[PDB]
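K.L.:
The structure's right below; bear with me while I get my questions together.
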Amino acid sequence: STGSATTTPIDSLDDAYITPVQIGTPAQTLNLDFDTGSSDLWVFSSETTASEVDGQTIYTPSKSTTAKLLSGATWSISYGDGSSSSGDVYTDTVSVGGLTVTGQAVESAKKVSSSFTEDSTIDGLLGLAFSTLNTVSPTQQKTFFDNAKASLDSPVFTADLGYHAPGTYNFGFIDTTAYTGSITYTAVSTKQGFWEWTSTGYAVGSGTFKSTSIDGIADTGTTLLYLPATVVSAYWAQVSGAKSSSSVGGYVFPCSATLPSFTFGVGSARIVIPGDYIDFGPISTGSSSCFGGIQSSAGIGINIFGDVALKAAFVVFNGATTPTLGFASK
Ligand SMILES: CN1CCCc2cc(CN)ccc21
Ligand code: NA
Numbered sequence: 001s002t003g004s005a006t007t008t009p010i011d012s013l014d015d016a017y018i019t020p021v022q023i024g025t026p027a028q029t030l031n032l033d034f035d036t037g038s039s040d041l042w043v044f045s046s047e048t049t050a051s052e053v054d055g056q057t058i059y060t061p062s063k064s065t066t067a068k069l070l071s072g073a074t075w076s077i078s079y080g081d082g083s084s085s086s087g088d089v090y091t092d093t094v095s096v097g098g099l100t101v102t103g104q105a106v107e108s109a110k111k112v113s114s115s116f117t118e119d120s121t122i123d124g125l126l127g128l129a130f131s132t133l134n135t136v137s138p139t140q141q142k143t144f145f146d147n148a149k150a151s152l153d154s155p156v157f158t159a160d161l162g163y164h165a166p167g168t169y170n171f172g173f174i175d176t177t178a179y180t181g182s183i184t185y186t187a188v189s190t191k192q193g194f195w196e197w198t199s200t201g202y203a204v205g206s207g208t209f210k211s212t213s214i215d216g217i218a219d220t221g222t223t224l225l226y227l228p229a230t231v232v233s234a235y236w237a238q239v240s241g242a243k244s245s246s247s248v249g250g251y252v253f254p255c256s257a258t259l260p261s262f263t264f265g266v267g268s269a270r271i272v273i274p275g276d277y278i279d280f281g282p283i284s285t286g287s288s289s290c291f292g293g294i295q296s297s298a299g300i301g302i303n304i305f306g307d308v309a310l311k312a313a314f315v316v317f318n319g320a321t322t323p324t325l326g327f328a329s330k
């Protein structure tokens, strides 16, 4: 089997991407944020505290003839930004882009943080990291990908995010029309439950490539590129008037600037992030200070190749017995 779904930016900055997901019988379509940095499929629901819902579409298990309460099971997650959600669990039929999983754990939110309530466009998250990070207790649950894997033509999914444009998530096949050149594969460590890999270095604009190992995770659920402070300082030093602002919470730059590209290594290959991808616009409405899309990881404890980096590539998440990542230009 295979599946193929379009993923759409939620706003003009590509802060996040939503993908339609069919849950239950008859289908209830919710727009979920596919998140390669977490392992819970959780949704706004008929159980969510009413004051914490503001425009999201909700899953109503009582309207699904295939929904079963997973008796005794609860979940609670805290994301790296400080956001959170928690609740109880149903199993139901879940379909993405024509690929169907029966008996998928659908984590129903009783509580969400204000940061989720405020995002009316996001109806929940579909985690695609390893199932060892799933938060359901007392019986840990599998991701949609882990449940689908055995049925897929090939045990893979691919992320093809757009810059200010829709893109695609494919499950079970590699669309050889969607990238240029060849795919360069690189080793993955699953020891922390992430798609963790090592980049071979970086360049700033037209500058020389610096060979240096940078461990990090491929995380579609994170907007920006978080890298070590040495690398980030080298990038922003090439932008007149850029500075790190403790008041704003990262590097800012004059909105009049033209940003240089950023290149990262994948083995002997190179992925080039155009400068425009690194512009996240005014810090507040009307400001002439703009927020940068490359930020320090120093306060995080991990480097994160989030959407700023991933949208510059066609990315293969290879879930074979020995997982690997693949990157291609596009
Ligand atoms: C609060 N916020 C809404 C936008 C999508 C989203 C995704 C994650 C997962 N990294 C965490 C928070 C969050
Ligand atoms: Na921000």
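Start counting the sequence shown at 1; every next residue gets the next number (PDB author numbering).
Ideal placement from N, C-alpha and C gives every residue a C-beta, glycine not left out.
What do you reckon, is the C-beta of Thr222 under 6 Å from a heavy atom of ligand 1?
P.N.:
Yes, ligand 1 has a heavy atom inside 6 Å of this Cβ.
K.L.:
Is it the case that the Cβ atoms of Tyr226 and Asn303 are separated by a distance below 7 Å?
P.N.:
Going by C-beta atoms, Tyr226 is nearer than 7 Å to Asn303.
K.L.:
Using a Cβ-based criterion (distance less than 6 Å to any ligand heavy atom), does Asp14 qualify as near ligand 1?
P.N.:
No - ligand 1 has no heavy atom lying nearer than 6 Å to the Cβ of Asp14.
K.L.:
Cutting at 7 Å between CB atoms, please list the residues of its own chain near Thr135, excluding the five before and the five after it.
P.N.:
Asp40, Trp75, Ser76 and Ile77.
K.L.:
Quick check: is any heavy atom of ligand 1 less than 6 Å from the C-beta of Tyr169?
P.N.:
No, the beta carbon of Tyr169 sits no closer than 6 Å to any heavy atom of ligand 1.
K.L.:
Run the proximity test for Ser115: is its beta-carbon closer than 6 Å to any non-hydrogen atom belonging to ligand 1?
P.N.:
Because some heavy atom of ligand 1 lies under 6 Å away, the Cβ of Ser115 counts as near it: yes.
K.L.:
Quick check: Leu325 and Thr139, are their CB atoms within less than 7 Å of each other?
P.N.:
It is not a contact, given that the beta carbons lie outside the stated cut-off.
K.L.:
When you compare the segment 193 to 205 with the segment 173 to 182, are there three or more beta-carbon pairs, one atom per stretch, that lie closer than 8 Å?
P.N.:
Judged by Cβ distances under 8 Å, the segment 193 to 205 makes no contact with the segment 173 to 182, as fewer than three pairs qualify.
K.L.:
In whole angstroms, give me the CA-to-CA distance for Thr29 and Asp307.
P.N.:
Taking the straight line from one Cα to the other gives about 24 Å.
K.L.:
Where do the N-terminal and C-terminal ends of the alpha helix (DSSP H) with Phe116 fall, by residue?
P.N.:
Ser114 to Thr117 is the span of the alpha helix (DSSP H), which, as asked, contains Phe116.
K.L.:
Using a Cβ-based criterion (distance less than 6 Å to any ligand heavy atom), does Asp307 qualify as near ligand 1?
P.N.:
Checking the Cβ of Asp307 against ligand 1 gives no.
K.L.:
Once the 5 residues before and after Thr258 are set aside, which same chain residues still bring their CB inside 7 Å of it?
P.N.:
Within the same chain, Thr258 has close Cβ partners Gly275.
K.L.:
Starting from the Cα of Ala148, find the closest Cα among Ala50, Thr102 and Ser297 and give me that residue.
P.N.:
Of the candidates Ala50, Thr102 and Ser297, the one whose C-alpha sits nearest the C-alpha of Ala148 is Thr102.
K.L.:
List the whole-angstrom C-beta distance separating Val272 from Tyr251, where the pair is believed to meet the contact cut-off of C-beta under 8 Å.
P.N.:
The Cβ separation is near 20 Å, so there is no contact.
K.L.:
Ordered along the chain, which non-local residues of its own chain (more than five positions away) have a Cβ less than 6 Å from that of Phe280?
P.N.:
Once the five neighbours on either side are set aside, the close Cβ partners of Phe280 are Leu13, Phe291 and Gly293.
K.L.:
Which partner residues of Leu125 appear in the DSSP bridge assignment?
P.N.:
In DSSP, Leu125 forms a bridge with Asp33 and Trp42.
K.L.:
For the beta strand (DSSP E) holding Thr168, just list the boundary residues, first then last.
P.N.:
Element bounds for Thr168: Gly167 to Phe171.
K.L.:
Starting from the N-terminal end, write out each residue whose C-beta falls within a distance shorter than 7 Å of any non-hydrogen atom of ligand 2.
P.N.:
Listed along the chain, these residues meet the criterion: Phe280 and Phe291.
K.L.:
Any idea what DSSP makes of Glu196, helix, strand or coil?
P.N.:
Note: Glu196 maps to strand in three-state DSSP.
K.L.:
Kindly list the residues whose CB is nearer than 7 Å to the CB of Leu310, restricted to its own chain and excluding five residues on each side of it in sequence; keep chain order.
P.N.:
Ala159, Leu161, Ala218 and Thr220.
K.L.:
On the CB-based measure, 16 or more other CB atoms within 10 Å of its CB, does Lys142 come out buried or exposed?
P.N.:
It counts as buried.
K.L.:
For ligand 1, any of its heavy atoms closer than 6 Å to the Cβ of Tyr79?
P.N.:
Yes, the Cβ of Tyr79 comes within 6 Å of a heavy atom of ligand 1.
K.L.:
Quick one: any contact between the segment 39 to 53 and the segment 200 to 211, if contact means 3 or more CB pairs under 8 Å?
P.N.:
These segments do not touch.
K.L.:
Give a yes or no on whether the C-beta atoms belonging to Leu99 and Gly3 are separated by under 7 Å.
P.N.:
Yes; because the gap between Cβ atoms is below 7 Å, this pair is in contact.
K.L.:
Where does the unbroken alpha helix (DSSP H) through residue 333 begin, and where does it stop?
P.N.:
Nothing in the structure corresponds to residue 333, since the chain is present only between 1 and 330.
K.L.:
Are there 16 or more other CB atoms within 10 angstroms of the CB of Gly301, so buried, or fewer, so exposed?
P.N.:
The residue in question, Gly301, is exposed, as its Cβ has fewer than 16 Cβ neighbours within 10 Å.
K.L.:
Roughly how many whole angstroms lie between the Cα atoms of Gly97 and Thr66?
P.N.:
Going by the C-alpha atoms only, they are around 19 Å apart.
K.L.:
If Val248 and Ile283 are in contact, beta carbons under 8 Å, what's the gap, nearest whole angstrom?
P.N.:
So it is a contact: roughly 5 Å between Cβ atoms.
K.L.:
Report the residue ranges of all alpha helix (DSSP H) runs contained in full by the segment 216 to 304; include only those spanning at least 4 residues, in chain order.
P.N.:
Listed in chain order, the complete alpha helix (DSSP H) runs (minimum 4 residues) inside the segment 216 to 304 are 229 to 236.
K.L.:
Ligand 1 and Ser39: does the residue's C-beta get closer than 6 Å to at least one heavy atom of that ligand?
P.N.:
False, no ligand heavy atom lies under 6 Å from that Cβ.
K.L.:
My output table needs one value for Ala50: the three-state DSSP class, helix, strand or coil.
P.N.:
Three-state result, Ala50: helix.
K.L.:
Taking C-beta to C-beta, are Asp123 and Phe209 nearer than 7 Å?
P.N.:
Contact: no.
K.L.:
Given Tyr235, which residues of its chain have a CB within under 7 Å of its CB, disregarding the five upstream and five downstream residues?
P.N.:
For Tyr235, where only same-chain residues beyond five positions count, the Cβ hits under 7 Å are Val204, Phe262 and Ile294.
K.L.:
Measure the Cβ-Cβ separation of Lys68 and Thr93 and say whether it is below 7 Å.
P.N.:
Contact flag unset, no.
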